[PDB]
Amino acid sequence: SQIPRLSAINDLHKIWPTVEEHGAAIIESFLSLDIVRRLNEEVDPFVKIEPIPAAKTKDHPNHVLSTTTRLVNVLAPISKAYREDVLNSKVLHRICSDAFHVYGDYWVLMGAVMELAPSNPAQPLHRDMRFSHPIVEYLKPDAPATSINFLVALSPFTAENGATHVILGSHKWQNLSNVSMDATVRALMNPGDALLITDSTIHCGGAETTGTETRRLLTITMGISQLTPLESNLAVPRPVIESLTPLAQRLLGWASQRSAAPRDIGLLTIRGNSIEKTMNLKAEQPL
């Protein structure tokens, strides 16, 4: 039983429901080739200057990722393609609104580009959020997913190069005795394609067996605005922020947020008023 593939331009409303039922979906041509090329181009140097995850020079080192992994987050300052095309993607927003309607507003928990070097070993099967948000493990099983992850291929995902393994239907599992690599299916994708999974979906990066190929992806974790993000955009220059759309500003934490409660009082408010209104924050102002 393989992962469901859906069109990003045709069968839309079918994406979230599909992931909901199966826990994983592949969205063909989520990003266009032109968009991928610009992103690749823009982040290229930052990826080459990124040290190992657990570098000693970091005060918040990542001890979970392998030494052959380079992860670059806080992409709004680095790339125009990400902060304009990606953050405003209509397909992403429709999927998110469908997924998080019961909770309310959603934002970016993390936007990052990941590069796996040649001979990168396979990760152990896991679920996202366990190393940052312990609260998630205390949610009731029928609770709707609080975060989802868009895994966009910036390069080819093949069996030989480490394409993502996924266990279909495991987002609903309560007993984890059944977890094994034998229950997984692969996510073979071309650049621009995206694998969508919920925070409860068991999966893992594959093993790179060629010794040649380098795999890159853009990982976008979207979550309800009630959860603190992994990355911060506080230090992003005002001009950049003021250059984005109000929607993008909100996803980045530069706006107040709302919940689904009928008489919602809001998040990140300032004495009854929004962050943006208090600060008279401009939007869509070019550099």
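For every residue, the number given is its place in the sequence shown, counted from 1.
If you average the C-alpha B-factors over 171-179 and over 206-214, the higher value belongs to 171-179.
Look at the C-alpha B-factors of 225-233 and of 23-31. On average they run higher in 23-31. Of the candidates 199, 115, 84, 193, it is 84 whose Cα B-factor is highest according to the PDB record.
In this entry, the residue among 74, 159, 139, 145 with the greatest C-alpha B factor is 159.
When the CA B factors of the chain's modelled residues are split into thirds, the value for residue 38 lands in the highest one. When the modelled residues of the chain are ordered by their C-alpha B factor, residue 91 lands in the highest third. For residue 99, the recorded CA B-factor ranks within the middle third of the chain. Only modelled residues enter the ranking. The entry lists a Cα temperature factor for residue 253 that places it in the lowest third of the chain's modelled residues. Ranked by C-alpha B-factor against the other modelled residues of its chain, residue 119 falls in the middle third.
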